[PDB]
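To begin, one chain is listed below as structure tokens, in the form deposited without the partner chain.
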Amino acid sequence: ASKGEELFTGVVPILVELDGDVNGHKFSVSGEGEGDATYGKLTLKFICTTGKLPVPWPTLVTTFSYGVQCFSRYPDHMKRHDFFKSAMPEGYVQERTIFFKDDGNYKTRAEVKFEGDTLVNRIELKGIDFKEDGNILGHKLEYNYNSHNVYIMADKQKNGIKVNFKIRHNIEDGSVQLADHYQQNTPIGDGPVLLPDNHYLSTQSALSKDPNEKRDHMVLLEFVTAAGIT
């Protein structure tokens, strides 16, 4: 019904690459998996290629995925509102500032585009102002994830979208660390893109470990479905 969709009818290979620096600590992670937009589902495995990840794995989930929202299932009646797939194959730039409450912040820039037959997400991250005793550099986060809604509005002026949401990360003492996300997506290409009416993406994630894997790693399963328009 609209072009770009067609790239996503089957199961699509995903490549994720991140280079980061948090308070001066540098690290890289690579990830691979597959996305099925028909079901609204992603499976990804991430490996820290530089040793042991210096921040908790859960703090990077939205950066890696929250990272490939072109795999969202859009119900037929709101397929006119799917910015993410409409920007493909050329892709889009995704930028965020993520504010951890009472702590530092991540600033990220990513490019999400087709390189051949695989969808690749290449990311740069800088984090600063983190306390060495805080929930993040202290590694007090539980290894798990909650459900969140991700709110989307068009930004007519940038030919893109603005996205806001707050992540609730469970701390191992029973409290919650809030992570306020501000996001901006703009097409890499020249062509028209679909600028949406306000809606949101219902997102669920589950984190596990491959018990055969000796590297520091995260396995991520995620289900994402668009909603909010009648």
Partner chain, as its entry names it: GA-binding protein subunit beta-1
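Residue numbers count along the first chain shown, from 1.
What comes next is about the form deposited with the partner chain bound, which is not displayed.
J.: Within a 4.5 Å heavy atom cut-off, is residue 219 in contact with the partner chain in the deposited bound form?
T.: It does: once the partner chain is placed as it appears in the deposited bound form, residue 219 has a heavy atom within 4.5 Å of it.
J.: My question is simply whether residue 68 lines the interface with the partner chain in the deposited bound form - judged by any non-hydrogen atom within 4.5 Å.
T.: Heavy-atom contact with the partner chain at 4.5 Å: absent for residue 68.
J.: Report whether the minimum heavy atom distance between residue 83 and the partner chain in the deposited bound form is within 4.5 Å.
T.: Contact check for residue 83: no, nothing within 4.5 Å of the partner chain in the deposited bound form.
J.: Taking any heavy atom pair closer than or equal to 4.5 Å as contact, tell me whether residue 208 reaches the partner chain in the deposited bound form.
T.: Residue 208: contacts the partner chain in the deposited bound form.
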